[PDB]
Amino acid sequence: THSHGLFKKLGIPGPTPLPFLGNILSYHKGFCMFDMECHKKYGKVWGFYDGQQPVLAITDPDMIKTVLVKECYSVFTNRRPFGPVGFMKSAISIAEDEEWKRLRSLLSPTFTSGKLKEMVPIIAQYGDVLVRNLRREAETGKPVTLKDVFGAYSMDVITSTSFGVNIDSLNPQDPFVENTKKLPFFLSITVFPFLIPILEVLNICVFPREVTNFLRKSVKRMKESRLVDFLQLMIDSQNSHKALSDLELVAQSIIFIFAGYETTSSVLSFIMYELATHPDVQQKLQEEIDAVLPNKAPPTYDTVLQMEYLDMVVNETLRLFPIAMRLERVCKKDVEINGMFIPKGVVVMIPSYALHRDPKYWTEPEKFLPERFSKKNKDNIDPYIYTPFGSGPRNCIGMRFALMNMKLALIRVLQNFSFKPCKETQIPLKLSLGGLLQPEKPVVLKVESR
């Protein structure tokens, strides 16, 4: 301190920081709106402060490629630290430098296309659970809270694809549904991040210290009972890198569970909102599914990859609602990328949400228009502008699994039901002014049987 002269010095523009707070008062309308304003106010690069922490936004595709791919192992390797984490320091999304590179290696083969084709029959069976829990609400002409029913399915696939456990968590108190339920503080970190090590010597975990105590033992119950799913594929790996330890493995289990719980369910809710508020896209998708799977035939790994309009709908939804909002890398050395000095310790940020809604790359960016991703037009889309799964060595490892999971859900559900707005549906949907990509009011819709 005071780091607050850095961008003034480097000749990089940006909003003037308040003492201690930096620019965080500007987060009151949410990360997203702040980024969009800076992008129009300042242009291709700018700089702000989360407390004393300098953040350099970049929006040049080449420069973004340099950061995320070209200079990844050398400079922009780790994400911005947050804490206290405790033993979750060993989770892949959290770990750093060579220990991350190791965890990335030991867990990469789990996420292969071939391993994912063997999860399809299991992910298929809960697609049926999802339809019956839907019909019980459709036959009773009462509006439906999509996050609950998508959450219950997304919860079902996680427990199954990651440990073998098999519940219809919507309807009992099966010993597993509840510890995963615990699925203001985090803003006080930003002004006082010098207090993270304080909390790390106090063993306060941002992960409720009890959930983790439940699964550290629950895994070693499963580990010593067996002795097709993620835990097996990880136990099988630990049989050039030091093999995955037992606590290390639990920490990955925790990452996968959250990674694909609120994500899968949130995205599915954004897609169903768009398909209800655009009934022709919905009909057109329903037709393509009936063309590929006539007589409500069950989707397989290969018929899913055949559905091009389904892919367009998923991609365009993620353009509008990229649930990460930003990508970030901590610059670990004095570097120069594409003619611009970047001093060590700066956090480099890619404003994905702003870049997805930039009129300078998107005609009518607020409109939901799947055709942007027609095989005709899909080629003009800059892949360092549309980045819903990141890019380079540290992108979303669960990308293909998440696309596959969501699409199986949609096919099964669109085969059987159409989706209409209720009077209680929020149109236009508004994003949580807070810190997550979720709707302000939950998405509720009328569900009717075909």
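Start at 1 with the first residue shown and count on from there. We call the rigid core the largest set of C-alpha positions that still match within 1.5 Å between the two forms.
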Between 206-214 and 290-298, where do the CA atoms move more in 9 other deposited structures of this protein, taking the root mean square over the structures and residues after a core fit?
206-214
Stretch 173-181 versus stretch 230-238: after rigid core alignment, which one is farther off in C-alpha RMS in 9 other deposited structures of this protein?
173-181
How many missing residues of the deposited sequence lie between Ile204 and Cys205 in the entry, grouped as none, 1 to 3, 4 to 9, or 10 or more?
none
Please count the deposited residues lying between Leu227 and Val228 that the model leaves without coordinates, and give the class: none, 1 to 3, 4 to 9, or 10 or more.
4 to 9
Residue stretch of maximal mean CA temperature factor, 377-385 vs 394-402:
377-385
Quick check: 145-153 versus 251-259, which has the larger average CA B-factor in the record?
145-153
Residue, from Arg135, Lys344, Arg79, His356, that the PDB entry assigns the highest Cα B-factor:
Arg135
Tell me, please, which of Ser265, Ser90, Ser188, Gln282 has the highest C-alpha B factor according to the deposited entry?
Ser188
Cα B factor band for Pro15 (lowest, middle or highest third within the chain)
lowest
Modelled-residue ranking by C-alpha temperature factor, third containing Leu21
lowest
Taking the values exactly as deposited, rank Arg102 by C-alpha B-factor within its chain and report the matching third: lowest, middle or highest.
middle
Entry-reported C-alpha B-factor of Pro351 relative to its chain, by third, is lowest
Give the position of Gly51 by CA B-factor within its chain, expressed as the lowest, middle or highest third.
lowest
